[PDB]
Amino acid sequence: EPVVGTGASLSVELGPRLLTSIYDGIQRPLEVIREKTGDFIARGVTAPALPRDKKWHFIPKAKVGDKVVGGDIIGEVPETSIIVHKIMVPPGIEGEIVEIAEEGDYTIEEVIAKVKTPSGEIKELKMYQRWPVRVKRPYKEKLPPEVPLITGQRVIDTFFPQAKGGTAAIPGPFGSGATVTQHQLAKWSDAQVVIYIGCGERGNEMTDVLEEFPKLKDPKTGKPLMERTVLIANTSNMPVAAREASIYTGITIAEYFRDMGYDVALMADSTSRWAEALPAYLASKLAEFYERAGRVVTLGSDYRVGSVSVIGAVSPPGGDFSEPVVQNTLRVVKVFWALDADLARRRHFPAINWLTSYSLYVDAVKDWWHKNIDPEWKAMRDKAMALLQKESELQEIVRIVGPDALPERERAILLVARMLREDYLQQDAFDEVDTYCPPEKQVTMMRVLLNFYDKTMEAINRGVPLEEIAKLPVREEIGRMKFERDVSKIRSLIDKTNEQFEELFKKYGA
């Protein structure tokens with residue numbers, strides 16, 4: 001069907017079987033064909049988004065007589081072994097449930113409920129709904145950033161945190177082999193659902209994502225990661241129009257999962273100039289995309305919260321990073337994790353530059369850390385950063401005049417900053433233990449390091465040579481603590497540090 005005014009009604013279907021699916025930017029299944037854009041309209045007569053032949057187990061949640069509003073949960077469909085699909089009343093629909101399907105098996109075109117609206121109108125409800133991708137799904141309230149998206153990656157969670165509902169950028173493309181943060185984020189972030197727009201896809205980078213993603217295991221469950229993932233593919237052969245539409249299709253599907261009460265992570269990939277469809281107005285529209293991120297009290301009769309957190313890849317034409325697409329993206333995002341080729345070459349992993357990255361969410365999430373994890377989280381983070389800033393200043397100077405004239409105190413700062421970089425920032429994504437670092441382990445590791453700092457400065461303030469501190473036996477254990485899964489063992493290193501230093505205080509006197 002046609003449509004008057006701007007918008008040829010570009011829409012997406014939302015309901016069972018979104019998970020495990022692979023689509024183009026216009027929600028047609030894997031390896032499907034061509035459409036074209038404009039300030040107006042677009043075409044398409046090809047393939048269906050959700051299979052109409054699949055039988056789903058529907059469990060009714062509401063009953064005849066219940067009053068309902070848009071967003072209310074009227075049933076449950078176990079969609080994969082990981083995710084229960086929540087069947088919701090579409091937005092704009094409210095009234096009395098006059099008819100609802102018994103528990104059993106149904107295809108998505110079967111009417112599973114009917115609602116009588118205030119005026120008497122009878123509306124038929126199915127397991128899916130449709131929504132225009134260019135219209136933000138509505139919600140009751142957008143909440144201020146408050147709760148961290150816990151990534152389990154120390155540098156991110158500690159120094160450059162993402163809020164649930166927040167917006168982050170990282171240098172792209174995702175399919176890049178020089179780093180693995182992009183993948184760590186997808187599997188470890190405490191979002192239940194991942195919407196992934198593999199869009200830096202060109203050459204073998206397409207078929208890389210095709211044959212490996214059904215094999216990737218969700219480490220939280222042992223089950224396949226695809227079972228909580230919707231994949232959306234932008235290839236170089238695809239119509240530039242479907243590739244422009246791709247992120248709206250993505251974000252709309254994400255919003256749909258947040259509406260159920262899930263936290264969702266939208267990961268957007270990019271090669272150079274991912275668009276050509278539709279002045280500075282472009283910058284203003286990318287802005288509108290990012291503004292659709294958020295944690296919200298959702299529609300429904302029950303108080304209910306879900307979120308979409310956005311992580312966008314940023315890869316500029318020349319890779320100098322003063323190009324428009326990077327200026328525009330970095331203007332609206334609240335977090336930037338600066339992947340740094342020089343860090344990577346030195347095999348400092350993850351290769352996140354801790355001087356040029358930033359998060360504007362630190363104060364927003366500090367209270368959740370303080371109340372749930374550690375009362376000193378923010379103070380500790382600021383202290384370790386101050387150490388890292390100092391380190392950088394000292395290295396600059398030492399590049400000019402050399403290290404021979406350094407006082408013990410400055411060498412001590414370099415010693416402890418080095419321990420910070422090696423024992424805390426660096427993290428081993430390939431290790432069965434250090435691949436994820438629980439909040440509780442992060443703070444305890446930090447306490448160990450900062451206590452080591454306090455004791456180093458105190459000890460040199462008492463004329464203990466630094467050389468004696470650099471070789472304190474506990475240092476080796478502090479270096480290995482990221483590999484320890486038992487946090488109480490890590491914690492014990494504080495007392496162990498204290499007494500070793502005591503043996504040092506006695507071996508020197510006064």
# chains A, B, ... in the order shown; residues from 1 in each chain; ligands from 1
$ residues_around --residues "residue A:44" --least-positions-apart "4" --cutoff "12 Å" --atoms "only C-alpha atoms" --output "list in words"
residues 1, 2, 8, 9, 10, 11, 26, 27, 28, 32, 33, 34, 35, 36, 37, 48, 239, 241 and 242 of chain A
$ residues_around --residues "stretch 400-417 of chain A" --least-positions-apart "4" --cutoff "7 Å" --atoms "only C-alpha atoms" --output "ChimeraX atom specification"
/A:387-388,391,396,421,453,456,460,466
$ select_by_dssp --residues "stretch 96-262 of chain A" --states "helix (DSSP H, G or I)" --output "PyMOL selection string"
chain A and resi 154-159+181-188+204-212+225-228+240-259
$ residues_around --residues "residue A:380" --least-positions-apart "3" --cutoff "8 Å" --atoms "only C-alpha atoms" --output "ChimeraX atom specification"
/A:376-377,383-384,446-447,450
$ write_last_selection --atoms "N, CA, C and O atoms" --output "PDB file, in the first residue's frame"
ATOM      1  N   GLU A 376      33.994   3.467  48.644  1.00  0.00           N
ATOM      2  CA  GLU A 376      35.110   4.289  48.150  1.00  0.00           C
ATOM      3  C   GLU A 376      35.394   4.244  46.636  1.00  0.00           C
ATOM      4  O   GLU A 376      36.437   4.756  46.184  1.00  0.00           O
ATOM      5  N   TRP A 377      34.495   3.644  45.857  1.00  0.00           N
ATOM      6  CA  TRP A 377      34.718   3.427  44.427  1.00  0.00           C
ATOM      7  C   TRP A 377      35.241   4.667  43.699  1.00  0.00           C
ATOM      8  O   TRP A 377      36.305   4.608  43.060  1.00  0.00           O
ATOM      9  N   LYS A 383      41.782   8.686  42.404  1.00  0.00           N
ATOM     10  CA  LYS A 383      43.156   8.568  42.874  1.00  0.00           C
ATOM     11  C   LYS A 383      44.065   7.823  41.870  1.00  0.00           C
ATOM     12  O   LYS A 383      45.168   8.278  41.562  1.00  0.00           O
ATOM     13  N   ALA A 384      43.578   6.704  41.334  1.00  0.00           N
ATOM     14  CA  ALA A 384      44.357   5.912  40.371  1.00  0.00           C
ATOM     15  C   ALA A 384      44.533   6.700  39.066  1.00  0.00           C
ATOM     16  O   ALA A 384      45.590   6.680  38.469  1.00  0.00           O
ATOM     17  N   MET A 446      41.582  -2.877  43.197  1.00  0.00           N
ATOM     18  CA  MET A 446      41.955  -1.476  43.298  1.00  0.00           C
ATOM     19  C   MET A 446      42.452  -1.157  44.727  1.00  0.00           C
ATOM     20  O   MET A 446      43.464  -0.453  44.896  1.00  0.00           O
ATOM     21  N   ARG A 447      41.767  -1.696  45.741  1.00  0.00           N
ATOM     22  CA  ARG A 447      42.170  -1.450  47.139  1.00  0.00           C
ATOM     23  C   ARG A 447      43.592  -1.947  47.400  1.00  0.00           C
ATOM     24  O   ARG A 447      44.391  -1.246  48.021  1.00  0.00           O
ATOM     25  N   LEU A 450      46.040   0.525  45.612  1.00  0.00           N
ATOM     26  CA  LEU A 450      46.094   1.845  46.256  1.00  0.00           C
ATOM     27  C   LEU A 450      46.640   1.779  47.688  1.00  0.00           C
ATOM     28  O   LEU A 450      47.246   2.731  48.160  1.00  0.00           O
TER      29      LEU A 450
END
$ residues_around --residues "residue A:217" --least-positions-apart "4" --cutoff "12 Å" --atoms "only C-alpha atoms" --output "PyMOL selection string"
chain A and resi 82+183-184+186-188+212-213+221-229
$ residues_around --residues "residue A:339" --least-positions-apart "2" --cutoff "12 Å" --atoms "only C-alpha atoms" --output "number ranges by chain"
A: 155-156, 169-174, 176, 178-182, 313-315, 321, 336-337, 341-345, 348-358
$ atom_distance --atom1 "atom CA of residue A:477" --atom2 "atom CA of residue A:148"
29.6 Å
$ closest_atom_pairs --of "stretch 81-150 of chain A" --to "stretch 250-264 of chain A" --cutoff "12 Å" --atoms "only C-alpha atoms" --output "tab-separated table"
residue	atom	partner	partner_atom	distance
A:83	CA	A:262	CA	9.9
A:84	CA	A:260	CA	9.8
A:85	CA	A:260	CA	8.1
A:86	CA	A:260	CA	5.9
A:87	CA	A:260	CA	8.2
A:88	CA	A:260	CA	7.6
A:89	CA	A:259	CA	10.7
A:90	CA	A:256	CA	10.3
A:91	CA	A:259	CA	10.3
A:128	CA	A:256	CA	10.7
A:129	CA	A:256	CA	9.9
A:130	CA	A:252	CA	10.3
A:131	CA	A:252	CA	7.8
A:132	CA	A:252	CA	8.1
A:133	CA	A:252	CA	5.6
A:134	CA	A:252	CA	8.1
A:135	CA	A:252	CA	8.1
A:136	CA	A:252	CA	6.9
A:137	CA	A:255	CA	6.4
A:138	CA	A:255	CA	8.8
A:139	CA	A:259	CA	7.7
A:140	CA	A:259	CA	10.4
A:141	CA	A:259	CA	11.8
A:142	CA	A:258	CA	11.9
A:147	CA	A:263	CA	11.0
A:148	CA	A:263	CA	11.2
A:149	CA	A:263	CA	9.0
A:150	CA	A:263	CA	11.4
$ write_last_selection --atoms "N, CA, C and O atoms" --output "mmCIF file, in the first residue's frame"
data_model
loop_
_atom_site.group_PDB
_atom_site.id
_atom_site.type_symbol
_atom_site.label_atom_id
_atom_site.label_comp_id
_atom_site.auth_asym_id
_atom_site.auth_seq_id
_atom_site.Cartn_x
_atom_site.Cartn_y
_atom_site.Cartn_z
ATOM 1 N N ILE A 83 15.858 -16.611 26.214
ATOM 2 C CA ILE A 83 14.951 -15.491 26.309
ATOM 3 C C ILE A 83 13.479 -15.873 26.211
ATOM 4 O O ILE A 83 13.063 -16.576 25.289
ATOM 5 N N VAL A 84 12.705 -15.383 27.178
ATOM 6 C CA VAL A 84 11.257 -15.482 27.175
ATOM 7 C C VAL A 84 10.744 -14.232 26.469
ATOM 8 O O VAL A 84 11.088 -13.111 26.855
ATOM 9 N N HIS A 85 9.945 -14.422 25.423
ATOM 10 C CA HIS A 85 9.385 -13.293 24.682
ATOM 11 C C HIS A 85 8.127 -12.821 25.418
ATOM 12 O O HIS A 85 7.275 -13.632 25.766
ATOM 13 N N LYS A 86 8.025 -11.520 25.689
ATOM 14 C CA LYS A 86 6.847 -10.993 26.391
ATOM 15 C C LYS A 86 5.876 -10.405 25.379
ATOM 16 O O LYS A 86 6.213 -9.486 24.653
ATOM 17 N N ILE A 87 4.675 -10.958 25.330
ATOM 18 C CA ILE A 87 3.640 -10.471 24.424
ATOM 19 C C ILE A 87 2.931 -9.282 25.042
ATOM 20 O O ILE A 87 2.273 -9.414 26.079
ATOM 21 N N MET A 88 3.070 -8.131 24.381
ATOM 22 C CA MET A 88 2.583 -6.857 24.872
ATOM 23 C C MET A 88 1.431 -6.283 24.018
ATOM 24 O O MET A 88 1.401 -6.441 22.795
ATOM 25 N N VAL A 89 0.521 -5.583 24.681
ATOM 26 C CA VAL A 89 -0.483 -4.781 24.017
ATOM 27 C C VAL A 89 0.250 -3.669 23.243
ATOM 28 O O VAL A 89 1.137 -2.997 23.794
ATOM 29 N N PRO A 90 -0.080 -3.493 21.949
ATOM 30 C CA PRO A 90 0.593 -2.432 21.199
ATOM 31 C C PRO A 90 0.300 -1.044 21.781
ATOM 32 O O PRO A 90 -0.748 -0.838 22.404
ATOM 33 N N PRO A 91 1.217 -0.085 21.583
ATOM 34 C CA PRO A 91 0.937 1.269 22.074
ATOM 35 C C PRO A 91 -0.310 1.860 21.382
ATOM 36 O O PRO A 91 -0.531 1.596 20.198
ATOM 37 N N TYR A 128 2.685 -10.618 17.540
ATOM 38 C CA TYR A 128 3.571 -9.601 17.006
ATOM 39 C C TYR A 128 2.822 -8.319 16.739
ATOM 40 O O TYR A 128 1.593 -8.292 16.779
ATOM 41 N N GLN A 129 3.576 -7.264 16.462
ATOM 42 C CA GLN A 129 3.036 -5.937 16.196
ATOM 43 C C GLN A 129 3.954 -5.279 15.173
ATOM 44 O O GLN A 129 5.045 -5.789 14.890
ATOM 45 N N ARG A 130 3.524 -4.154 14.625
ATOM 46 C CA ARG A 130 4.321 -3.451 13.643
ATOM 47 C C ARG A 130 4.570 -2.072 14.160
ATOM 48 O O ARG A 130 3.769 -1.544 14.914
ATOM 49 N N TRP A 131 5.697 -1.486 13.755
ATOM 50 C CA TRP A 131 6.065 -0.175 14.233
ATOM 51 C C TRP A 131 6.906 0.518 13.175
ATOM 52 O O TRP A 131 7.773 -0.104 12.570
ATOM 53 N N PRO A 132 6.632 1.806 12.924
ATOM 54 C CA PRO A 132 7.461 2.595 12.020
ATOM 55 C C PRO A 132 8.838 2.869 12.631
ATOM 56 O O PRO A 132 8.933 3.426 13.745
ATOM 57 N N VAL A 133 9.884 2.482 11.899
ATOM 58 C CA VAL A 133 11.245 2.537 12.394
ATOM 59 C C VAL A 133 11.718 3.962 12.667
ATOM 60 O O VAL A 133 12.644 4.180 13.481
ATOM 61 N N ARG A 134 11.082 4.929 12.005
ATOM 62 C CA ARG A 134 11.460 6.333 12.159
ATOM 63 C C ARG A 134 10.751 7.023 13.327
ATOM 64 O O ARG A 134 10.964 8.222 13.595
ATOM 65 N N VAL A 135 9.901 6.275 14.019
ATOM 66 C CA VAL A 135 9.213 6.828 15.178
ATOM 67 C C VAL A 135 9.689 6.094 16.426
ATOM 68 O O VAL A 135 9.591 4.867 16.521
ATOM 69 N N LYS A 136 10.189 6.844 17.392
ATOM 70 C CA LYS A 136 10.649 6.224 18.631
ATOM 71 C C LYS A 136 9.483 5.533 19.317
ATOM 72 O O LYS A 136 8.427 6.135 19.482
ATOM 73 N N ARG A 137 9.641 4.266 19.686
ATOM 74 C CA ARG A 137 8.592 3.641 20.468
ATOM 75 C C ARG A 137 8.420 4.477 21.761
ATOM 76 O O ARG A 137 9.430 4.945 22.330
ATOM 77 N N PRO A 138 7.169 4.672 22.222
ATOM 78 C CA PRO A 138 6.963 5.540 23.384
ATOM 79 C C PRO A 138 7.130 4.808 24.708
ATOM 80 O O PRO A 138 7.122 3.578 24.754
ATOM 81 N N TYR A 139 7.203 5.586 25.778
ATOM 82 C CA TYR A 139 7.475 5.095 27.107
ATOM 83 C C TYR A 139 6.926 6.147 28.063
ATOM 84 O O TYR A 139 6.584 7.268 27.648
ATOM 85 N N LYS A 140 6.852 5.821 29.344
ATOM 86 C CA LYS A 140 6.313 6.782 30.322
ATOM 87 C C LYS A 140 7.309 7.864 30.695
ATOM 88 O O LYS A 140 6.961 9.050 30.760
ATOM 89 N N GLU A 141 8.556 7.462 30.926
ATOM 90 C CA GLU A 141 9.585 8.382 31.403
ATOM 91 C C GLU A 141 10.991 7.897 31.068
ATOM 92 O O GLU A 141 11.316 6.735 31.268
ATOM 93 N N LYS A 142 11.832 8.811 30.601
ATOM 94 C CA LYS A 142 13.246 8.522 30.396
ATOM 95 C C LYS A 142 13.999 8.874 31.657
ATOM 96 O O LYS A 142 14.043 10.038 32.045
ATOM 97 N N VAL A 147 22.496 3.577 36.513
ATOM 98 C CA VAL A 147 22.922 2.222 36.724
ATOM 99 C C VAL A 147 23.931 1.973 35.616
ATOM 100 O O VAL A 147 23.630 2.226 34.435
ATOM 101 N N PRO A 148 25.143 1.521 35.995
ATOM 102 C CA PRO A 148 26.185 1.181 35.016
ATOM 103 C C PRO A 148 25.816 -0.047 34.198
ATOM 104 O O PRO A 148 25.260 -1.008 34.732
ATOM 105 N N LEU A 149 26.103 -0.017 32.905
ATOM 106 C CA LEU A 149 26.164 -1.253 32.145
ATOM 107 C C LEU A 149 27.486 -1.908 32.544
ATOM 108 O O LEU A 149 28.537 -1.429 32.174
ATOM 109 N N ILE A 150 27.421 -2.974 33.332
ATOM 110 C CA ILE A 150 28.599 -3.669 33.784
ATOM 111 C C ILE A 150 29.111 -4.581 32.675
ATOM 112 O O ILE A 150 28.461 -5.503 32.217
#
$ residues_around --residues "stretch 277-290 of chain A" --least-positions-apart "2" --cutoff "12 Å" --atoms "only C-alpha atoms" --output "PyMOL selection string"
chain A and resi 36-42+133-136+165-169+239-252+255+266-268+273-275+292-294+308-312+324-334
$ write_last_selection --atoms "C-alpha atoms" --output "short mmCIF file (atom, residue, chain, number, x, y, z; two decimals), in the first residue's frame"
data_model
loop_
_atom_site.label_atom_id
_atom_site.label_comp_id
_atom_site.auth_asym_id
_atom_site.auth_seq_id
_atom_site.Cartn_x
_atom_site.Cartn_y
_atom_site.Cartn_z
CA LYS A 36 15.79 2.97 -2.82
CA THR A 37 15.29 6.01 -0.55
CA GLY A 38 14.55 9.78 -0.47
CA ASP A 39 12.95 12.50 1.72
CA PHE A 40 9.73 10.61 1.00
CA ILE A 41 9.26 6.99 0.03
CA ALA A 42 10.73 3.53 -0.72
CA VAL A 133 11.25 2.54 12.39
CA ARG A 134 11.46 6.33 12.16
CA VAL A 135 9.21 6.83 15.18
CA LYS A 136 10.65 6.22 18.63
CA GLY A 165 20.69 3.68 28.49
CA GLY A 166 23.89 5.56 27.66
CA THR A 167 25.73 6.28 24.42
CA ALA A 168 29.30 5.24 23.66
CA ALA A 169 31.66 5.35 20.71
CA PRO A 239 21.28 -0.63 -1.55
CA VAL A 240 22.68 2.45 0.21
CA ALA A 241 19.04 3.02 1.26
CA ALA A 242 18.65 -0.20 3.27
CA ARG A 243 22.02 0.60 4.91
CA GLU A 244 20.82 4.07 5.99
CA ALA A 245 17.59 2.54 7.34
CA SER A 246 19.58 -0.15 9.19
CA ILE A 247 20.14 1.64 12.50
CA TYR A 248 16.51 2.72 12.86
CA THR A 249 15.38 -0.85 12.26
CA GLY A 250 18.01 -1.83 14.84
CA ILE A 251 17.08 0.78 17.45
CA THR A 252 13.35 0.11 17.00
CA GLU A 255 13.29 -0.38 21.97
CA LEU A 266 22.74 -1.89 20.48
CA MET A 267 26.13 -2.26 18.82
CA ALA A 268 26.53 -0.34 15.54
CA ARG A 273 30.94 6.86 4.88
CA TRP A 274 28.29 4.22 5.75
CA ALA A 275 25.69 6.59 4.24
CA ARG A 292 16.70 7.20 21.26
CA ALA A 293 19.07 5.52 23.68
CA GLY A 294 17.85 5.54 27.25
CA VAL A 308 18.76 0.60 25.23
CA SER A 309 22.46 1.28 25.61
CA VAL A 310 24.19 2.30 22.39
CA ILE A 311 27.79 1.45 21.41
CA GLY A 312 28.74 2.97 18.01
CA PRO A 324 33.02 14.92 10.13
CA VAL A 325 31.66 11.41 11.06
CA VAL A 326 33.95 11.35 14.12
CA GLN A 327 33.28 15.03 15.08
CA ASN A 328 29.53 14.48 14.74
CA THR A 329 29.38 11.17 16.64
CA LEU A 330 31.72 12.40 19.39
CA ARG A 331 29.55 15.49 19.89
CA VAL A 332 26.51 13.48 21.02
CA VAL A 333 28.02 10.40 22.71
CA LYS A 334 28.74 10.50 26.45
#
$ atom_distance --atom1 "atom CA of residue A:208" --atom2 "atom CA of residue A:190"
25.3 Å
$ closest_residue --among "A:461, A:204, A:427, A:236" --to "residue A:505" --atoms "only C-alpha atoms"
A:461
$ select_by_dssp --residues "stretch 81-309 of chain A" --states "strand (DSSP E or B)" --output "number ranges by chain"
A: 84-88, 95-100, 104-106, 113-116, 122-125, 129-132, 141-143, 148, 163, 167-171, 193-201, 217, 224, 229-235, 263-268, 294-297, 305-309
$ atom_distance --atom1 "atom CA of residue A:440" --atom2 "atom CA of residue A:372"
9.3 Å
